[PDB]
Every structure is written in C-alpha cells, then in structure tokens.
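Asker: Following this message is one structure expressed as structure tokens.
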Number of protein chains: 8
Amino acid sequence: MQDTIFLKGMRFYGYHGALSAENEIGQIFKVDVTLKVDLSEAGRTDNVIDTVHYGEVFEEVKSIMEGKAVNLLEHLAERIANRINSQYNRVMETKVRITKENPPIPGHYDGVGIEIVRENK
Amino acid sequence: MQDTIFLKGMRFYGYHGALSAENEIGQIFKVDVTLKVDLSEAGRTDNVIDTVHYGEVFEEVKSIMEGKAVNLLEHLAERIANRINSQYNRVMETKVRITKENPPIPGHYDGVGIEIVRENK
Amino acid sequence: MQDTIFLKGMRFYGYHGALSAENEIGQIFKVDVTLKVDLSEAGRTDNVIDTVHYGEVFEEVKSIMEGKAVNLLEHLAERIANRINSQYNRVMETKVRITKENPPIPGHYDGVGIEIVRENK
Amino acid sequence: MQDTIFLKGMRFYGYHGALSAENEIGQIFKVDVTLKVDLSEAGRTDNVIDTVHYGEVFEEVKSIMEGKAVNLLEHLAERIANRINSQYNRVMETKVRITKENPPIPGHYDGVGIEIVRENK
Amino acid sequence: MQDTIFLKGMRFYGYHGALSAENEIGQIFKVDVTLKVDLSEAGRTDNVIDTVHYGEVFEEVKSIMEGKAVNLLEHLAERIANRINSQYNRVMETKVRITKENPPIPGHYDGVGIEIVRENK
Amino acid sequence: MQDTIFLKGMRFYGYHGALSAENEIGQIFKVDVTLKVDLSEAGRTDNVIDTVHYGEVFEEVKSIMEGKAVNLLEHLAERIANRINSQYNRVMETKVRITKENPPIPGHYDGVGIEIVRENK
Amino acid sequence: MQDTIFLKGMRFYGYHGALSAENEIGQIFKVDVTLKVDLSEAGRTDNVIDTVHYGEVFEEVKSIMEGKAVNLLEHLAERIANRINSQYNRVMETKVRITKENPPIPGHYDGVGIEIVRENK
Amino acid sequence: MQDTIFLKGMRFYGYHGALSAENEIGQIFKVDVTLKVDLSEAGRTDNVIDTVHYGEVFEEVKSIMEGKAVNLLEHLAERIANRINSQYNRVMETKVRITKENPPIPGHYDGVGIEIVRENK
Ligand SMILES: Nc1nc(=O)c2c([nH]1)NCC([C@H](O)[C@H](O)CO)=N2
Ligand SMILES: Nc1nc(=O)c2c([nH]1)NCC([C@H](O)[C@H](O)CO)=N2
Ligand SMILES: Nc1nc(=O)c2c([nH]1)NCC([C@H](O)[C@H](O)CO)=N2
Ligand SMILES: Nc1nc(=O)c2c([nH]1)NCC([C@H](O)[C@H](O)CO)=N2
Ligand SMILES: Nc1nc(=O)c2c([nH]1)NCC([C@H](O)[C@H](O)CO)=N2
Ligand SMILES: Nc1nc(=O)c2c([nH]1)NCC([C@H](O)[C@H](O)CO)=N2
Ligand SMILES: Nc1nc(=O)c2c([nH]1)NCC([C@H](O)[C@H](O)CO)=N2
Ligand SMILES: Nc1nc(=O)c2c([nH]1)NCC([C@H](O)[C@H](O)CO)=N2
C-alpha cells in the first residue's frame, strides 16, 4: 500500500533545544509529516469521513511544536508520531521530519535534523 | 522495470473541497503524474506510437481537475488514475499526487495533499 | 538620505478581503516594510537606542495583520504606515507593501497587491 | 505619488510571435502589471469602490494575452496598457512587462522581453 | 551497492520532437544522469583512474543531446544509456532522465519527461 | 522614456579573468542586457521591423562572451555595450551587467560583478 | 555615472547583536555591497589596475563581519562603508546592506536588516 | 529501522580536484550527510546523550572538507564516512554526498558529484 497523506514544510517558532540560549531566543522549526493511509474508500466515496483530515493533523503538530520547550527534535517528533498514531486508526504508519535550518552551528548549511518512522500499533 | 513517463507540477484552478467557501472561491491544485511504462521499444524505434503521449495524459488530468467540483483530493486522484489506466494498456501502474499549497488552514506550510498509486488491471 | 531599515516577506494568516468567503476561510498575507531612517548616529555609537528596533516594528505590523478583518489591503497598509510613523519620529517615511499571493482570482500569477509610501508628518 | 497596485508573474499560454512555428506551437507568456494609483482614499475608507479592483485588471490582461495571436510583445503590452488606462481614470499611469522565458532562441538565458510605461491621458 | 556518480540538470538546446514545428524552433532539454559504480577503490586510492570521470560522461551526453534531431526523448535516453554502458565497464547500471520543461503543450506545468534505467551487460 | 527591451540571465562558459588558472579552467558568466528603446511605433504597428530583435542582440552578446578570453568583466561589458549601440540606432542607451557567480574567491556569496550603462552617441 | 561593482549575498557567521543570547550562539549575516566606480578606463584598457578588485573588497567585509562582535548592524555597515571608502579613491560612494534572515524575532519573515549609502569624501 | 539524522547542503571552500588549476583556485563543495541511527531512546528520554549530536558531525565533515587537498570526491566522502562511523557506534550506516556545482566542465548543469553509503562495522 503506497497511498499517503502529507503536510510539507510546516513551520513553527519554538524554543526547544539543549542550549539555554536556544530556549531563550528560539527559532523556526520546519516539519514534514507523511501518513500511510489507504485512500481507496475515500477516493471511491468522496466522503471526508473516510479519510484523515489534514487540518486536524496540522493542529496536533502545531500544539506540540508551539507548546512546552524540550531539548531534542527526537522528543518532538516522537510526541507527534505518537499523537497522530493514537487518534487515527486509519494511519498505518507515521513519518515525522523536523529540520532546524538555523541551529547554533557556526557554518554554512541548508539545515540539520532528524526523521523518524513509527508504525501504528 | 523502473522506466517512467512523468508530468510534474501541473497546476489547475478548481473549486473542489469539502467547505462551501472553498467551492465558491476556488484555488490552485498542483498535480504530479508518474506512469510506469516500459519504454524500450520506443527507445529502439523512436516511433511515438510505441509509447504514451504525455500531451494526451495532460488533457485527461486537465478535464478532471477543471471539471465538476468534488469534495476530496482522493476522489480527484482516483478518477485520474482510473482514467489513465483505462485508456492506456502500456501503463502498468499510475501514481497521482495532488497538492493544495493554499488550503483554508490557518498556518505556515508549503502545502498539504495526498498521493495514490494504482496498478492497471 | 538613502538609509533604510527593512522587514521583508513578513507573512500572516488573516481574514481580510471584500468577499464573505475570504473572511470565512482566510489566507496568507505577505508584508514588506521599508523605513527611511538616518542610521549614522547608530552606526557611530552602536547603541540600539539611536535607531528603530526592527522587532518592535514587526509587533506593530503583526497586531494589525492578525487583528480585525477589513476589506482592503489599502486599509491595512494605511493603518501600518500610520502606526509606525506615529510611534517613531526617527522614521522620516514609511513604505508598506502587501501581497495576496493567493486571492480568489481564477488564474496563474505569483500574486497581487498594493504598495503605499507615507511620509511622517 | 508613489502608491501602486500590482499583478506579478501572470502567466498565459498564447500563440503570438513573428515566426510561423511560434504561432503554431505557442508558449507561456509572463506578465507583470503595475498601476499608478493614489490609494489614500481607499486606505481611509476601506471601500473597494475607491480603488481599482485587481481582479478586473487580470481579466483585461487575460483577454488580450489569450486572444488573437499577434507578432510583437510590444503590440500586446500596448493593447493592455491602453485597455487599462481606458477603463480606469484612477490609474494615472500603466507599466506593462511581458517576458518570453522560452523563445525560439538557441541558448541559455532566463528570458527575454520588453517593458513599457504609458501615462493615462 | 548504493554508490553513485551523478550529473544533474544538464541542459542542452536541441531540436528533437515528433512535431515539425518543434524540430524547426527547438527547445531546452534537461538531463539527469546517475551511474551505479562501486567507488570504494577510488575512495581508498584517490586515483582518478579508479573511477568514472564525470567530465567524459558529460561529453557523451552532450554529443547525443546536441547532435541529430530525433522524435522521442525515449530514443535520446536509450542512446545515452547505451553509450555510457558501452564505454564504461565500471558502470553497473545507467539511469537517464530527460525533461522537456517547455513542450508544445497548452498549459501550466513544471515539465514533462521520461526516465529509463539500463543495467550494463 | 521608460520603455526597455531586455535579456536576463544569459549564461555563457568562458575563460576570461586576470588569473592564469581562470583562463585555463574557465567558468560560467551570467549576463543581463537592458536596452532603452522607444517601443511605441512597434506597439502601434506590430511590425518586427520597428523594434530591436532580441535574438540578434543575444547573438552579439554571445559572440563576445564565448570569443577571445580577456582579463576584465569591464572589458567584456564595454565591448557588448559598444557593439549593441553601434549596430542599433533605435537603442538610446545600453546597460550591461556581468556576474561571476563562482570566481576564485574563498568564501560564501551569491556572486560578484560589474554593471555599466552606456548611452548611444 | 551609473557604473557599479558589486558583491551579492556574502554570508558570514558572526556573533553581533544587542542580546546576550545572540552573541553567545551567533547567526548568519548576509551582506550586499555595491560600489560606485567609473569603469570606462578599465573597460578600455582591460587592466585590472584600473578598477577595484572585488576580491580585496570581500576580504575587508569579511574581516569586519567575522571579527569583534558589536551590537548593531548599523555599526557593522558603517565600518565596512568607511573601510572601503578609505582604501579606494576610485569608489565614489559605497552602499552596504546587511540582513539578519534569522533574528530572535518570533515570527515568519524572510529577514530584517538595514541599508546605508556613504559617499567617499 | 528508517530513522535518520541529517545535515543538508553543507558548503565548504576547498582545493581538492585532480587538475592543478583546481587546487590553485579552489571551489565550493556541497555536502549532504545522512546517518542511520535508532532515535527511539532519545525520543523517549529527550536526553542529548542518547543520540548523535549534529554539531559534532559537522565539525568532522568540516575538518576533512577544509583540510588537505585531495584529488577525488570519492576520497573525501570515504574519509568522512569512515571518520563518522569510527567515532559513533550508534550510527549503523553513513551516507555521504558530495557535489561540485561548478567543476571545470564547459557546460550548463546544476552540478556533478558522487554519493557513497557505508555501513558501520
Ligand atoms: N541530534 C540532535 N538533536 C537535537 O535536538 C540537538 C542536538 N542533536 N545537539 C544540540 C542541541 C542543542 O541543545 C542546541 O542546538 C545548542 O545550541 N539539540
Ligand atoms: N484528507 C483530506 N482531503 C481533502 O480533500 C480535504 C480534507 N482532508 N479536509 C478538509 C477539506 C475541506 O472540505 C476544505 O479544505 C475546507 O476548507 N478537504
Ligand atoms: N485593489 C484591491 N484591494 C483589495 O483589497 C481587494 C480588491 N482590490 N478586490 C477584491 C477584494 C475582495 O474583497 C476579495 O478578493 C474577493 O474574493 N479585495
Ligand atoms: N523585440 C522583439 N519582440 C518580439 O515580439 C519578437 C522579436 N523581438 N523577435 C522575433 C519574434 C519572433 O517572431 C519569434 O520569436 C521567432 O521564433 N518576436
Ligand atoms: N512520451 C513522449 N515522448 C516524446 O518524445 C514526445 C511525446 N511523448 N509526444 C509528442 C512529441 C512531439 O513530437 C512534440 O512534443 C509535439 O509538439 N514528443
Ligand atoms: N573588478 C574586477 N573585475 C575583474 O574582471 C577581475 C577582478 N576585479 N579581480 C580579479 C580578476 C582575476 O583575474 C581572477 O578572478 C583571479 O582568479 N578579475
Ligand atoms: N535596527 C536594529 N538593528 C540591530 O542591530 C538590532 C536591533 N535593531 N534590535 C535588536 C538587536 C538585538 O540586540 C538582538 O536582535 C536581540 O535578540 N539588534
Ligand atoms: N568521478 C570523479 N571524481 C572526481 O573527483 C574528479 C573527476 N571524476 N574527474 C576530474 C577531476 C579533476 O581533477 C578536476 O575536475 C579537473 O578540472 N576530479
């Protein structure tokens, strides 16, 4: 099953990071969420109730990205994956990519980050 | 067989969407279509008749993207995949990606969408 | 005097617009603000108190872009220009550009908008 | 008076061009329209009737860009400028930029074009 | 073995295409070539003689893209893949992607094309 | 008179430069040419003979950018401006911008260059 | 005299800024430098000695952008303008633009900055 | 296990290359590093000590990209992969992509390069 629902380049201003200075000033966090979902019924029916509403997913990611500051991106992606898998049974697996395009790293790069994939149990 | 014929970033202004306001105002829908097709005969012959004409594919996608407004992107991709698989036997499988770069979602993101893959029966 | 302080591509999700559907769904408004300010004293001193703090300017634009929905972009730029000119005497003139990259216009374009320039009296 | 109303990167598929092959196949024409208009009343009032409606302007450009094929870009910009100046008295002057990002020129470039500025008489 | 040598976004102005008007006027063809090559010896030695010289590959693609006009992109990719596989034994498999970002198709899209993968026999 | 004919982002691979290593290896030179030309007659007539043919201009720039290697960008822009002003009487003034996006300068920048403006005598 | 020598998008990682957290972590500073210089002799002669060497200019900007941390961007641009005007008599006037694409401002924008123009006395 | 830690578009100015002129002048090398690392413990704990610190990885890549000039990109990627695998046991496999967007190749392309994948033994 290769069907997917996606949310690309979501951007939030948060204060996560292991450095005290990071939490103080904050930065923009870029988030890409890809959900494995069989979309054939919805495609057949055209009923919004037969699929996962992207809007609601964005609200979950948002609440975690703009909520309490944590240290790791790993911790933020793990809470999002877990939160999405938990509320949606139709989501067979959730992929979360977080990117810090501007971390406190002296250098020239497009960004640094992590990506996790979590199957829904 | 990893050969493919593709159409990237096709953009149409349509009125699909589950919200009444969406159907009223409309928006730009971005479409990426990838077709699995063995292209060796055409490569050998160089005869357009031994492959699938991208132009005709664009006309099919267009007619569905710029036709009657539906609710789901899932419904639009399912009609395109089905329409392409139906008229072309050389297409072993069709992948359709639809993206709403500007849905009625209060936030900063690059876009939201769905992607389906349908083998030709 | 060609010195300037600038804020480019500020983006806010608002509900302005003359169409009822626009106010309901909303959209992203892009804002560019350029302030005419003699920056030589600050350049000499290096004291933040001798110039206009970009951060405070962004907060003013924000409060107007994310506040009460109005009809025109002209009305929004006029309130921003007026608000910035009012609180800052060092700003000799304010330029405000607002862009609706995705208005309810059936077509392919990068965006539509207005730009105003207002001298501080 | 430095106030302006703008429409950027409008794109149309037309068949203009002095070469027979051009008219046959066609291409994408990119259009940027900038109108000189005093926007202070509209900014004060917030009434759409006190300014020029971008939407209507796009419809005029469109009708000329997607209508009868002509030879020159100069001819197309002259008809647009003239058409906009004619219907709108509030437009003190009209600037039209047309770009052929892909003309029949053997080479590597971003595009070629012309730009005209026409005051409203 | 996941090692690869690549050449991205190569662009040539050619006259291929099944339409007489296309051959007359011509267009820009974008080419991406990815070669499967075990790069461990070269990585160990650092001797250019233990790998495939990207420059020579570009010259082969070029000679085919800027040579005799053909009808299909399939024919052009098949000659490139075949030409590269033929001269290089270290290339276990060749992937060729050709893109016509501006074909004679009335519409708005980023491009159309084909991609082939050919193992070296 | 604010009318102009333009050619943007023309790119050529040349060997100019004051460093021996530069002339040996070469690089990509980006060229932007803007010509001051009254385009009203052409706009009225639609006759290609009443304006300057962009294509011919590109051929002149090309012949100078891809010809004998010189030291300065200043020398290359001066020959182009002079060459265009010389063959076209309708060109009241010529602006030439040359950019070396990748010169032998150890650093991170988008490019370096020069721009000259030459009135036609 | 409209001739200019330019250096665009120079990027340096520095620790300037009025906030203690800024100086601690640092950020990327983008710099655009435009010099007014009559380039006709150099264009005529083609001798590097008749113009200002972009490379040397980049070294001056660099030494100031990557040196001692200051509070204002105004202070950094004033030292660069002054430093360039001081060593080059051929530079009639210097324009310096500094941009903080990622300042400690909670929001979505492309960047904030200042621009100064300083004539050489 | 599909979890990954990444560093994209790292850019360094180095002097590697098999051509004497290349080593003399130098160029910008773009580097993308993707590390296979199980990120579940870190996601659970949120302790930086349970994952690989991107910053330290960037310092290793940097020291190799900005150190002694070598001939091949293959040699540079092999030293980075080996260096990262060596210091981090949590990294199950390392992928290194190096790109020379501007090599001494007469032509128009986005870049050329190599990519290697090395499992940690
Ligand atoms: N892998 C990884 N994930 C993080 O979230 C992270 C990290 N590595 N290293 C340092 C860090 C810091 O607390 C701030 O970037 C320091 O300025 N955060
Ligand atoms: N997954 C998914 N597909 C849709 O087409 C869709 C959707 N989810 N959620 C809401 C929606 C709406 O009808 C409009 O976006 C509401 O403004 N359309
Ligand atoms: N010039 C101008 N400014 C606006 O703000 C504006 C406008 N023209 N025309 C229509 C409009 C509408 O209320 C919505 O775009 C309609 O969907 N808003
Ligand atoms: N300046 C200018 N404007 C044009 O519209 C134009 C032109 N110059 N030169 C040739 C041309 C042609 O008819 C087609 O580009 C030929 O393929 N059209
Ligand atoms: N699949 C595919 N490959 C081609 O090379 C091709 C094609 N389909 N369809 C039409 C065509 C034409 O000869 C020109 O695009 C017509 O203007 N060329
Ligand atoms: N202003 C200016 N124009 C040039 O063409 C130029 C220059 N300045 N400085 C050095 C240079 C060199 O010969 C090569 O860039 C050295 O690698 N060429
Ligand atoms: N106009 C202006 N220039 C600055 O350099 C500047 C500024 N305004 N405001 C605050 C600031 C700070 O020290 C840091 O951005 C605070 O995080 N620096
Ligand atoms: N595959 C491959 N890797 C390289 O590093 C390389 C290469 N091929 N070919 C030529 C080269 C050269 O030494 C310079 O590019 C020559 O200017 N370097």
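Identifiers in this document derive from the order of the structure tokens: chains are assigned A, B, ..., residues are numbered from 1 separately in each chain, and ligands are numbered from 1 in order of occurrence.
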7 Å from ligand 7 is the threshold here; counting only C-alpha atoms and all ligand atoms, which polymer residues fall inside it? Answer as a PDB file with N, CA, C and O atoms, in the first residue's frame.

Answerer:
```pdb
ATOM      1  N   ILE A  25      16.051  32.562  23.101  1.00  0.00           N
ATOM      2  CA  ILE A  25      15.788  33.228  21.817  1.00  0.00           C
ATOM      3  C   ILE A  25      14.779  32.507  20.905  1.00  0.00           C
ATOM      4  O   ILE A  25      13.899  33.144  20.319  1.00  0.00           O
TER       5      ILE A  25
ATOM      6  N   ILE C   5      15.713  50.875   7.015  1.00  0.00           N
ATOM      7  CA  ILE C   5      15.588  49.746   7.930  1.00  0.00           C
ATOM      8  C   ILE C   5      14.497  48.935   7.249  1.00  0.00           C
ATOM      9  O   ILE C   5      13.485  49.497   6.829  1.00  0.00           O
ATOM     10  N   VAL C  48      21.690  50.704  20.490  1.00  0.00           N
ATOM     11  CA  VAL C  48      20.384  50.352  19.961  1.00  0.00           C
ATOM     12  C   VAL C  48      19.365  51.480  20.139  1.00  0.00           C
ATOM     13  O   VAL C  48      18.393  51.584  19.385  1.00  0.00           O
ATOM     14  N   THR C  51      18.424  54.083  17.080  1.00  0.00           N
ATOM     15  CA  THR C  51      17.817  53.591  15.865  1.00  0.00           C
ATOM     16  C   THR C  51      16.472  52.974  16.216  1.00  0.00           C
ATOM     17  O   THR C  51      16.089  52.950  17.402  1.00  0.00           O
ATOM     18  N   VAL C  52      15.764  52.512  15.176  1.00  0.00           N
ATOM     19  CA  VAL C  52      14.477  51.886  15.374  1.00  0.00           C
ATOM     20  C   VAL C  52      14.702  50.387  15.370  1.00  0.00           C
ATOM     21  O   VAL C  52      15.290  49.847  14.451  1.00  0.00           O
ATOM     22  N   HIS C  53      14.188  49.787  16.458  1.00  0.00           N
ATOM     23  CA  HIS C  53      14.228  48.372  16.762  1.00  0.00           C
ATOM     24  C   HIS C  53      13.291  47.605  15.821  1.00  0.00           C
ATOM     25  O   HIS C  53      12.069  47.757  15.924  1.00  0.00           O
ATOM     26  N   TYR C  54      13.864  46.801  14.899  1.00  0.00           N
ATOM     27  CA  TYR C  54      13.048  46.068  13.930  1.00  0.00           C
ATOM     28  C   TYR C  54      11.967  45.205  14.625  1.00  0.00           C
ATOM     29  O   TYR C  54      10.809  45.151  14.253  1.00  0.00           O
ATOM     30  N   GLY C  55      12.372  44.582  15.708  1.00  0.00           N
ATOM     31  CA  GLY C  55      11.454  43.748  16.455  1.00  0.00           C
ATOM     32  C   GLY C  55      10.136  44.414  16.831  1.00  0.00           C
ATOM     33  O   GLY C  55       9.081  43.802  16.699  1.00  0.00           O
TER      34      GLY C  55
ATOM     35  N   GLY G  17      24.880  41.561  17.721  1.00  0.00           N
ATOM     36  CA  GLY G  17      23.520  41.603  18.229  1.00  0.00           C
ATOM     37  C   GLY G  17      23.517  42.170  19.638  1.00  0.00           C
ATOM     38  O   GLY G  17      24.452  41.926  20.405  1.00  0.00           O
ATOM     39  N   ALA G  18      22.456  42.904  19.972  1.00  0.00           N
ATOM     40  CA  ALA G  18      22.296  43.559  21.276  1.00  0.00           C
ATOM     41  C   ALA G  18      21.871  42.639  22.440  1.00  0.00           C
ATOM     42  O   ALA G  18      21.922  43.029  23.619  1.00  0.00           O
ATOM     43  N   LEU G  19      21.464  41.421  22.097  1.00  0.00           N
ATOM     44  CA  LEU G  19      21.021  40.430  23.068  1.00  0.00           C
ATOM     45  C   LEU G  19      22.182  39.508  23.425  1.00  0.00           C
ATOM     46  O   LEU G  19      22.877  39.017  22.539  1.00  0.00           O
ATOM     47  N   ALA G  21      22.177  36.495  24.422  1.00  0.00           N
ATOM     48  CA  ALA G  21      21.985  35.175  23.825  1.00  0.00           C
ATOM     49  C   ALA G  21      22.465  35.145  22.369  1.00  0.00           C
ATOM     50  O   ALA G  21      22.996  34.136  21.900  1.00  0.00           O
ATOM     51  N   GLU G  22      22.277  36.255  21.663  1.00  0.00           N
ATOM     52  CA  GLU G  22      22.704  36.374  20.271  1.00  0.00           C
ATOM     53  C   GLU G  22      24.220  36.243  20.153  1.00  0.00           C
ATOM     54  O   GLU G  22      24.731  35.479  19.340  1.00  0.00           O
ATOM     55  N   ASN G  71      26.970  45.431  18.615  1.00  0.00           N
ATOM     56  CA  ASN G  71      25.538  45.340  18.858  1.00  0.00           C
ATOM     57  C   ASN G  71      24.718  45.529  17.601  1.00  0.00           C
ATOM     58  O   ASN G  71      23.896  44.685  17.262  1.00  0.00           O
ATOM     59  N   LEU G  72      24.950  46.632  16.904  1.00  0.00           N
ATOM     60  CA  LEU G  72      24.164  46.953  15.731  1.00  0.00           C
ATOM     61  C   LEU G  72      24.691  46.571  14.358  1.00  0.00           C
ATOM     62  O   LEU G  72      25.891  46.422  14.141  1.00  0.00           O
ATOM     63  N   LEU G  73      23.748  46.393  13.440  1.00  0.00           N
ATOM     64  CA  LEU G  73      24.053  46.069  12.054  1.00  0.00           C
ATOM     65  C   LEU G  73      24.521  47.381  11.460  1.00  0.00           C
ATOM     66  O   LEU G  73      25.315  47.398  10.532  1.00  0.00           O
ATOM     67  N   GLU G  74      23.998  48.475  12.021  1.00  0.00           N
ATOM     68  CA  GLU G  74      24.312  49.856  11.618  1.00  0.00           C
ATOM     69  C   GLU G  74      25.789  50.153  11.849  1.00  0.00           C
ATOM     70  O   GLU G  74      26.422  50.891  11.084  1.00  0.00           O
ATOM     71  N   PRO G 103      16.793  36.507  12.899  1.00  0.00           N
ATOM     72  CA  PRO G 103      16.982  37.151  14.197  1.00  0.00           C
ATOM     73  C   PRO G 103      16.088  36.520  15.266  1.00  0.00           C
ATOM     74  O   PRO G 103      15.227  35.699  14.956  1.00  0.00           O
ATOM     75  N   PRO G 104      16.280  36.897  16.543  1.00  0.00           N
ATOM     76  CA  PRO G 104      15.473  36.356  17.643  1.00  0.00           C
ATOM     77  C   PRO G 104      14.057  36.913  17.688  1.00  0.00           C
ATOM     78  O   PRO G 104      13.563  37.238  18.770  1.00  0.00           O
ATOM     79  N   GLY G 113      16.724  43.918   8.286  1.00  0.00           N
ATOM     80  CA  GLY G 113      18.037  44.491   8.125  1.00  0.00           C
ATOM     81  C   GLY G 113      18.038  45.984   7.922  1.00  0.00           C
ATOM     82  O   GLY G 113      17.037  46.682   8.125  1.00  0.00           O
ATOM     83  N   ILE G 114      19.200  46.466   7.511  1.00  0.00           N
ATOM     84  CA  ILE G 114      19.402  47.876   7.272  1.00  0.00           C
ATOM     85  C   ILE G 114      20.259  48.053   6.026  1.00  0.00           C
ATOM     86  O   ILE G 114      20.935  47.130   5.582  1.00  0.00           O
TER      87      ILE G 114
END
```

Asker: Quick one: everything within 7 Å of residue 96 in chain G, counting only C-alpha atoms, minus sequence neighbours fewer than 6 positions away in the same chain. Send it as a compact mmCIF listing (two decimals) with C-alpha atoms, in the first residue's frame.

Answerer:
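Generated output (part.txt):
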```txt
# COMPACT_ATOMS: atom_id res chain seq x y z
CA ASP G 32 25.39 43.02 -0.25
CA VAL G 33 27.98 45.64 -1.22
CA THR G 34 27.58 47.99 -4.21
CA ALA G 77 27.77 48.55 7.84
CA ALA G 81 31.49 51.53 4.16
CA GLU G 115 21.00 49.55 4.28
CA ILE G 116 23.29 52.56 4.23
CA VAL G 117 24.81 54.62 1.46
```

Asker: If we count only C-alpha atoms and set the cut-off at 7 Å, which residues sit around residue 119 in chain F, ignoring sequence neighbours fewer than 2 positions away in its own chain? Please answer as a list in words.

Answerer: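 Once the nearby chain positions are removed, what remains is residues 92, 93, 94, 117 and 121 of chain F.
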
Asker: Quick one: write out the picked residues with N, CA and C atoms as a short mmCIF file (atom, residue, chain, number, x, y, z; two decimals), in the first residue's frame?

Answerer:
```
data_model
loop_
_atom_site.label_atom_id
_atom_site.label_comp_id
_atom_site.auth_asym_id
_atom_site.auth_seq_id
_atom_site.Cartn_x
_atom_site.Cartn_y
_atom_site.Cartn_z
N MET F 92 18.74 53.86 -27.47
CA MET F 92 19.24 55.14 -26.97
C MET F 92 20.33 54.99 -25.94
N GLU F 93 20.32 53.87 -25.22
CA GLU F 93 21.32 53.60 -24.18
C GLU F 93 21.32 52.11 -23.82
N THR F 94 22.51 51.56 -23.57
CA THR F 94 22.67 50.14 -23.23
C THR F 94 23.29 49.86 -21.86
N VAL F 117 26.51 51.39 -17.85
CA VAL F 117 25.43 51.96 -18.63
C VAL F 117 26.13 52.87 -19.63
N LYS F 121 25.80 57.21 -28.84
CA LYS F 121 26.13 58.51 -29.41
C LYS F 121 25.84 58.62 -30.90
#
```

Asker: For CA of residue 120 in chain H and CA of residue 84 in chain H, quote the distance in Å rounded to one decimal.

Answerer: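 Taking CA of residue 120 in chain H and CA of residue 84 in chain H, their separation equals 8.8 Å.
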
Asker: Would you work out the distance separating CA of residue 102 in chain G from CA of residue 42 in chain C, expressed in Å to one decimal?

Answerer: 21.2 Å

Asker: Restrict the distance test to only C-alpha atoms, flag each residue of chain E within 12 Å of chain C, and return the flagged residues as a ChimeraX atom specification.

Answerer: /E:107-109

Asker: For N, CA and C atoms, I'd like the residues from the last selection saved as a short mmCIF file (atom, residue, chain, number, x, y, z; two decimals), in the first residue's frame.

Answerer:
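What ended up in selection-v9.cif:
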```cif
data_model
loop_
_atom_site.label_atom_id
_atom_site.label_comp_id
_atom_site.auth_asym_id
_atom_site.auth_seq_id
_atom_site.Cartn_x
_atom_site.Cartn_y
_atom_site.Cartn_z
N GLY E 107 -0.60 24.74 -21.44
CA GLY E 107 -0.89 24.58 -20.04
C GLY E 107 0.19 25.06 -19.10
N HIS E 108 -0.09 24.93 -17.80
CA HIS E 108 0.81 25.32 -16.73
C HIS E 108 1.28 24.07 -16.00
N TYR E 109 2.57 23.77 -16.14
CA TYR E 109 3.23 22.60 -15.52
C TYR E 109 4.71 22.93 -15.43
#
```

Asker: Counting only C-alpha atoms, figure out which residue out of F:62, F:75, F:83, F:30 gets nearest to residue 97 in chain F.

Answerer: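 Closest candidate: F:30.
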
Asker: Quick one: DSSP alpha helix (DSSP H) residues in chain D, as a VMD selection string?

Answerer: chain D and resid 20 to 25 40 to 45 54 to 65 73 to 87

Asker: Have a look at C:47, C:63, C:99, C:2 and name the one nearest to residue 79 in chain C; count only C-alpha atoms.

Answerer: C:63
